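Visitor: Here you go, one structure.
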Amino acid sequence: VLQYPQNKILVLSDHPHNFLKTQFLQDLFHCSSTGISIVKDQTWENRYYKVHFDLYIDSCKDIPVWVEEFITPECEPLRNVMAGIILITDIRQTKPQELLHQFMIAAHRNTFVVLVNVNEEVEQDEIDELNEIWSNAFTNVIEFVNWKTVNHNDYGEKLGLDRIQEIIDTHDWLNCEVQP
């Protein structure tokens, strides 16, 4: 019934990429974490607005097992407060695209989902093909992004962390107080 302020961002990795996830948090959010934790009342600010959000940092041994738990009725309240979900993984190993249909069915329709690939052998053409499939599949902004990092393509679009920053900047923060 009630739509709670939707101001949580979950950053998840499978166990082998936990350290890279900690570096990602420093680079994008300027958050010096130690591991899995709840970091409250962070500020996301750009030239247009400021909004306050909570960072949820999690880890899992197996992505599908984590997805199964996330999709349950008991986790529905949690899903509904997610502004976004960022998964840091080797997409060749974990193939999160295989779980994405079922994951998105359960997700709140406004939640952004960014799948960050850290496997340096994956070229942008491979990412581009995944984005052609998923970027308009749902109401949600869904994007696969490589992170190693060139920050633009040949058509003047952003890539890398610059792109992820743009996705967060352009997000509609549902029932959050946004200040100029």
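A note on labels: chains of the structure tokens are A, B, ... as shown, every chain counts residues from 1, and ligands are counted from 1 in their shown order.
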Please extract the residues of region 73-177 of chain A with a backbone DSSP assignment of alpha helix (DSSP H) and present them as a PyMOL selection string.

Guide: chain A and resi 76-80+91-94+100-106+124-134+160-169

Visitor: Fewer than 4 positions away in the same chain doesn't count, so skip those; otherwise give me all residues within 10 Å of residue 43 (chain A), counting only C-alpha atoms, as a list in words.

Guide: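 Skipping anything fewer than 4 positions along the chain leaves residues 29, 50, 51, 52, 53 and 54 of chain A.
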
Visitor: Take CA of residue 157 (chain A) and CA of residue 103 (chain A) and report the distance between them in Å, one decimal.

Guide: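 Separating CA of residue 157 (chain A) from CA of residue 103 (chain A) is a distance of 27.2 Å.
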
Visitor: Go through region 22-179 of chain A and collect every residue that DSSP, computed from the backbone, puts in strand (DSSP E or B); the answer should be as a PyMOL selection string.

Guide: chain A and resi 37-45+50-60+82-89+112-117+142-146+152+158+179

Visitor: List the neighbours of residue 65 (chain A) out to 12 Å using only C-alpha atoms; skip same-chain residues closer than 4 positions along the sequence, and give me the result as an MDAnalysis selection string.

Guide: chainID A and resid 14 59:61 69:72 94 96 99 103

Visitor: Do you have the CA of residue 68 (chain A)-CA of residue 100 (chain A) distance handy?

Guide: 11.6 Å

Visitor: Just want the 9 Å neighbourhood of residue 117 (chain A), counted on only C-alpha atoms, with same-chain residues fewer than 4 positions away dropped. Output as a list in words.

Guide: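 Contacts, in chain order: residues 87, 88, 89, 90, 91, 92, 122, 127, 144, 145, 146, 147 and 148 of chain A.
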
Visitor: If you keep C-alpha atoms, can you produce a file of those selected residues as a PDB file, in the first residue's frame?

Guide:
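Wrote result_2.pdb, looks like this:
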ATOM      1  CA  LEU A  87      26.251  -6.079  -9.282  1.00  0.00           C
ATOM      2  CA  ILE A  88      30.040  -6.331  -9.567  1.00  0.00           C
ATOM      3  CA  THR A  89      31.049  -9.616 -11.221  1.00  0.00           C
ATOM      4  CA  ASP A  90      32.769 -11.537 -13.997  1.00  0.00           C
ATOM      5  CA  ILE A  91      29.801 -11.850 -16.349  1.00  0.00           C
ATOM      6  CA  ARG A  92      31.379 -14.716 -18.317  1.00  0.00           C
ATOM      7  CA  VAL A 122      35.014  -8.806 -22.552  1.00  0.00           C
ATOM      8  CA  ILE A 127      28.385  -5.540 -23.670  1.00  0.00           C
ATOM      9  CA  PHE A 144      25.740  -3.692 -18.561  1.00  0.00           C
ATOM     10  CA  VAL A 145      28.998  -1.714 -18.087  1.00  0.00           C
ATOM     11  CA  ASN A 146      32.691  -2.666 -18.315  1.00  0.00           C
ATOM     12  CA  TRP A 147      34.955  -1.480 -15.477  1.00  0.00           C
ATOM     13  CA  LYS A 148      38.757  -1.981 -15.511  1.00  0.00           C
TER      14      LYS A 148
END

Visitor: What's the 10 Å shell around region 30-41 of chain A, counting only C-alpha atoms, without same-chain residues fewer than 5 positions away, as a list in words?

Guide: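 Those residues are residues 7, 8, 9, 10, 11, 12, 18, 19, 21, 22, 23, 24, 25, 51, 52, 53, 54, 55, 56, 57, 58 and 59 of chain A.
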
Visitor: Output N, CA, C and O atoms for every residue in that selection, as a JSON list (two decimals), in the first residue's frame.

Guide:
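Okay, this is what ended up in out01.json:
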[["chain", "number", "residue", "atom", "x", "y", "z"],
["A", 7, "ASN", "N", 15.21, 5.03, -1.39],
["A", 7, "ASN", "CA", 16.53, 5.67, -1.35],
["A", 7, "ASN", "C", 17.66, 4.73, -0.95],
["A", 7, "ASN", "O", 18.69, 5.19, -0.43],
["A", 8, "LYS", "N", 17.50, 3.44, -1.24],
["A", 8, "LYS", "CA", 18.56, 2.49, -0.97],
["A", 8, "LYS", "C", 19.27, 2.14, -2.28],
["A", 8, "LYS", "O", 18.65, 1.98, -3.33],
["A", 9, "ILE", "N", 20.59, 2.05, -2.21],
["A", 9, "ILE", "CA", 21.38, 1.51, -3.31],
["A", 9, "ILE", "C", 22.15, 0.30, -2.77],
["A", 9, "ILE", "O", 22.91, 0.41, -1.81],
["A", 10, "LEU", "N", 21.91, -0.86, -3.38],
["A", 10, "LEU", "CA", 22.59, -2.09, -3.00],
["A", 10, "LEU", "C", 23.75, -2.33, -3.96],
["A", 10, "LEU", "O", 23.57, -2.29, -5.18],
["A", 11, "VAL", "N", 24.94, -2.54, -3.40],
["A", 11, "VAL", "CA", 26.10, -2.93, -4.19],
["A", 11, "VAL", "C", 26.49, -4.34, -3.75],
["A", 11, "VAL", "O", 26.82, -4.58, -2.59],
["A", 12, "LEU", "N", 26.43, -5.27, -4.70],
["A", 12, "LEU", "CA", 26.61, -6.70, -4.46],
["A", 12, "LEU", "C", 27.76, -7.22, -5.33],
["A", 12, "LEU", "O", 27.95, -6.76, -6.46],
["A", 18, "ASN", "N", 35.01, -9.23, -4.04],
["A", 18, "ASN", "CA", 34.72, -8.35, -2.91],
["A", 18, "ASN", "C", 35.67, -7.17, -2.85],
["A", 18, "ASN", "O", 35.23, -6.05, -2.57],
["A", 19, "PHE", "N", 36.95, -7.41, -3.10],
["A", 19, "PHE", "CA", 37.92, -6.32, -2.99],
["A", 19, "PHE", "C", 37.71, -5.27, -4.06],
["A", 19, "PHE", "O", 37.74, -4.06, -3.77],
["A", 21, "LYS", "N", 34.95, -4.64, -5.49],
["A", 21, "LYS", "CA", 33.76, -3.93, -5.04],
["A", 21, "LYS", "C", 34.11, -2.81, -4.05],
["A", 21, "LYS", "O", 33.57, -1.70, -4.16],
["A", 22, "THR", "N", 35.02, -3.06, -3.11],
["A", 22, "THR", "CA", 35.44, -2.02, -2.15],
["A", 22, "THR", "C", 36.11, -0.84, -2.88],
["A", 22, "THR", "O", 35.85, 0.34, -2.56],
["A", 23, "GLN", "N", 36.93, -1.14, -3.88],
["A", 23, "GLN", "CA", 37.53, -0.10, -4.73],
["A", 23, "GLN", "C", 36.46, 0.67, -5.53],
["A", 23, "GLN", "O", 36.53, 1.90, -5.65],
["A", 24, "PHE", "N", 35.48, -0.04, -6.06],
["A", 24, "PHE", "CA", 34.34, 0.58, -6.77],
["A", 24, "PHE", "C", 33.61, 1.56, -5.86],
["A", 24, "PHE", "O", 33.26, 2.66, -6.28],
["A", 25, "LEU", "N", 33.39, 1.17, -4.61],
["A", 25, "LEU", "CA", 32.68, 2.04, -3.66],
["A", 25, "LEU", "C", 33.47, 3.32, -3.39],
["A", 25, "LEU", "O", 32.90, 4.40, -3.31],
["A", 51, "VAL", "N", 20.36, 14.58, -3.03],
["A", 51, "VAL", "CA", 19.44, 13.64, -2.40],
["A", 51, "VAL", "C", 20.24, 12.79, -1.41],
["A", 51, "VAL", "O", 21.43, 12.56, -1.62],
["A", 52, "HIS", "N", 19.61, 12.38, -0.32],
["A", 52, "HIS", "CA", 20.26, 11.54, 0.67],
["A", 52, "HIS", "C", 19.84, 10.10, 0.47],
["A", 52, "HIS", "O", 18.65, 9.82, 0.30],
["A", 53, "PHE", "N", 20.82, 9.19, 0.48],
["A", 53, "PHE", "CA", 20.55, 7.76, 0.24],
["A", 53, "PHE", "C", 21.35, 6.87, 1.20],
["A", 53, "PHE", "O", 22.32, 7.32, 1.83],
["A", 54, "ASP", "N", 20.93, 5.61, 1.30],
["A", 54, "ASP", "CA", 21.60, 4.60, 2.10],
["A", 54, "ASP", "C", 22.28, 3.60, 1.17],
["A", 54, "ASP", "O", 21.68, 3.16, 0.19],
["A", 55, "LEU", "N", 23.51, 3.23, 1.49],
["A", 55, "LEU", "CA", 24.27, 2.24, 0.76],
["A", 55, "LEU", "C", 24.20, 0.92, 1.53],
["A", 55, "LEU", "O", 24.55, 0.87, 2.72],
["A", 56, "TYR", "N", 23.70, -0.11, 0.86],
["A", 56, "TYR", "CA", 23.73, -1.47, 1.38],
["A", 56, "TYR", "C", 24.80, -2.25, 0.63],
["A", 56, "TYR", "O", 24.74, -2.39, -0.60],
["A", 57, "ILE", "N", 25.80, -2.75, 1.35],
["A", 57, "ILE", "CA", 26.89, -3.49, 0.75],
["A", 57, "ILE", "C", 26.72, -4.96, 1.15],
["A", 57, "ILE", "O", 26.58, -5.27, 2.34],
["A", 58, "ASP", "N", 26.67, -5.84, 0.16],
["A", 58, "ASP", "CA", 26.46, -7.26, 0.41],
["A", 58, "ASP", "C", 27.40, -8.09, -0.46],
["A", 58, "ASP", "O", 28.03, -7.59, -1.40],
["A", 59, "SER", "N", 27.49, -9.36, -0.10],
["A", 59, "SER", "CA", 28.31, -10.33, -0.81],
["A", 59, "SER", "C", 27.57, -11.65, -0.84],
["A", 59, "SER", "O", 26.69, -11.90, -0.01]]

Visitor: Using only C-alpha atoms, can you tell me which of A:101, A:95, A:158, A:108 comes closest to residue 77 (chain A)?

Guide: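 Going through A:101, A:95, A:158, A:108 one by one, the smallest distance to residue 77 (chain A) is for A:108.
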
Visitor: Which of these, A:83, A:67, A:159, A:130, has the shortest distance to residue 106 (chain A) once you count only C-alpha atoms?

Guide: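 Checking each candidate against residue 106 (chain A), we get A:67 as the closest.
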
Visitor: Hey, which of A:76, A:129, A:143, A:123 ends up closest to residue 167 (chain A)? Count only C-alpha atoms.

Guide: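 Nearest to residue 167 (chain A): A:143.
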
Visitor: Which residues, written as a PDB file with N, CA and C atoms, in the first residue's frame, have at least one atom at most 8 Å from residue 161 (chain A), with only C-alpha atoms counted and residues fewer than 4 positions away on the same chain left out?

Guide:
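Result saved to around-v1.pdb:
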ATOM      1  N   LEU A  28      33.287   5.535  -6.884  1.00  0.00           N
ATOM      2  CA  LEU A  28      31.996   6.104  -7.262  1.00  0.00           C
ATOM      3  C   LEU A  28      31.352   6.888  -6.124  1.00  0.00           C
ATOM      4  N   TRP A 147      34.109  -2.270 -16.370  1.00  0.00           N
ATOM      5  CA  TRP A 147      34.955  -1.480 -15.477  1.00  0.00           C
ATOM      6  C   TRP A 147      36.309  -2.160 -15.237  1.00  0.00           C
ATOM      7  N   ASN A 151      36.145   6.198 -21.012  1.00  0.00           N
ATOM      8  CA  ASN A 151      34.902   6.767 -20.480  1.00  0.00           C
ATOM      9  C   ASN A 151      33.930   7.297 -21.544  1.00  0.00           C
ATOM     10  N   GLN A 165      27.586   6.934 -13.087  1.00  0.00           N
ATOM     11  CA  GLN A 165      27.274   8.223 -12.436  1.00  0.00           C
ATOM     12  C   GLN A 165      26.066   8.903 -13.095  1.00  0.00           C
TER      13      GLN A 165
END

Visitor: Please, what distance in Å, to one decimal, runs between CA of residue 138 (chain A) and CA of residue 15 (chain A)?

Guide: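 CA of residue 15 (chain A) lies 28.4 Å from CA of residue 138 (chain A).
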